[PDB]
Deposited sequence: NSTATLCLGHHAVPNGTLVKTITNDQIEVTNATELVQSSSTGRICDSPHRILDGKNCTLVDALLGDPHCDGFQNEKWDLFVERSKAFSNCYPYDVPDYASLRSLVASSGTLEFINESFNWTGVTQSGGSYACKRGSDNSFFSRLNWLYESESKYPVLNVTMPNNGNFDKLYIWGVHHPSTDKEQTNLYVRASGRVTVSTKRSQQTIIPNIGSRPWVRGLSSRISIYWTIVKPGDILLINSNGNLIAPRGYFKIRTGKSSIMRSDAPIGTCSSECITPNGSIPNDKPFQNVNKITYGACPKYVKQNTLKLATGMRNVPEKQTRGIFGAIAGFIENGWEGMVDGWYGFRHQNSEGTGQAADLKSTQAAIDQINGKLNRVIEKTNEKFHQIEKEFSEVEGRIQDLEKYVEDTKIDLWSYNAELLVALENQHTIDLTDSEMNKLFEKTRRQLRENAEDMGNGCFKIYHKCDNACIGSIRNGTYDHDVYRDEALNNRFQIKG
């Protein structure tokens, strides 16, 4: 006698996308999203961090007071940007452990300088050189004081400067290395000099070395740069019989979030939390392949250039109606799961809202349950190097390589696990909907094996509606259905 068909199904799209799971090398899903940020605009955004463009100046030359760097006096920054075109244009110098001086100043974030009056009676102050023109005059580093003989004498200097405040003082000083003995004795009378800078807890003595170095900006002489931090209640003592390059005061040294970066990218007007030497990048994705060098709230650097996170179910092409065993339904556009029927009123279709929402709710914000937010990092270690150095650089490189391989592994496993779970939970909602419909129908229907029920009674549009609504009363139809099912 009289029967009807009720099929259960899920949607499908014509333009699917491939992802990887624990189970499958490649499986097509209806939708996915990229987790690796792989592009930049190429500009460093000037908000929200305070960006200071070094332009023609390294941080160290701005510290010492090279004349063409005079504009940087007493400046501050969150990120100091060093350019590849920068150059020195003052007295030729070197800094033992230059990388550490550059690092601790960059981290402090300020060039604020406070003058102090040392008692330099007995010597002449403010020596200058034609290698260090300020305007048209011979000059010198603005923060250093080149001392030399007065009236053919250089007495032994022995000078003190207490730290009577609440904060550490950073003192920058140096030692002059003459090219010849005639140069040495013309300036310091004595044939050999000595420079001792000490505190209660520390001391440094340096003896200059007389001899020719290769000509730089007209000079074979050199200055070596040193530094001393004086804690509150300690005392700076400077002791010299010649060749001392005196400080003119101290730098205020702070703690905080400041750092330094080498980059030639232009600075632009926008805001962006994450900065790389390539420019700023968005941080909406958890991973990035733009540059292992970062500043700010940044995605984690990984080796992969793409990781696709599934955001929808398996995509299965559409092969009497038929249900989910065979294929997906490209014609279902207003839900993820639903019903099709054929009965005496024709054929029709309707979406299931609840099962659709359950799948969307589980997929929404899935990655955040494991990586909630991006970590902010500020001053770190250097990661590129322009000179061969051996033991310490080997270690710096190994530390960073180790870190990147472990985060790359985490990223790969996370995406495969999460995608496996997306397939499993969207399959599971389909099955739950089918089973729920099966128990509603009791003895009034049989499973045809293709995702559909043969309903063994007349079942018009209202009857199909009551099943979708969950209000179908199997008792109303059981007598008719048993009669149809169990005849012979």
Stretches with no C-alpha atoms in the model, relative to the deposited sequence starting at 1: 320 to 326, 496 to 497
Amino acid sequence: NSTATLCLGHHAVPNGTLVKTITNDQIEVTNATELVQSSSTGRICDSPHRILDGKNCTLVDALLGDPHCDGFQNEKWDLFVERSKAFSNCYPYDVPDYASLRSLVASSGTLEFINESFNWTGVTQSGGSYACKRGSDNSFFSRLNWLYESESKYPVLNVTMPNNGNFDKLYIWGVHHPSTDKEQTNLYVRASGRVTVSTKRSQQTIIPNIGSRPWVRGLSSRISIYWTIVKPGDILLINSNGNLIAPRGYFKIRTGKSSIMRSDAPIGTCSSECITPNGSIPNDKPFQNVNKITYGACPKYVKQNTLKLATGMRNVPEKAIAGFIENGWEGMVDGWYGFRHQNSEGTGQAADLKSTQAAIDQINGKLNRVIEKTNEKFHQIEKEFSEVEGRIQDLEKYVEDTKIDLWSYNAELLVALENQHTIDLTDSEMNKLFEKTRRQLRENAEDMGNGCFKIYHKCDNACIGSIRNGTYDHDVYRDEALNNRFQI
From here on, numbers count along this sequence of modelled residues.
Of 69 to 77 and 337 to 345, the one with larger mean CA B-factor: 69 to 77
Between 108 to 116 and 151 to 159, which has the higher average C-alpha B-factor in the PDB entry? 151 to 159
Using the temperature factors in the entry, find which of 217, 377, 300, 83 has the highest value at its Cα atom. 217
Name the residue from 318, 418, 400, 382 with the greatest C-alpha temperature factor listed in the entry. 318
Looking at the entry's B-factor column for C-alpha atoms only, identify whether residue 362 ranks in the lowest, middle or highest third of its chain. lowest
Third of chain Cα B-factors occupied by residue 47: highest
For residue 139, does the deposited CA B-factor place it in the lowest, middle or highest third of the chain? highest
Lowest, middle or highest third: where is residue 15 by Cα B-factor in its chain? highest
Within this chain, which third does the Cα B-factor at residue 273 fall in: lowest, middle or highest? middle
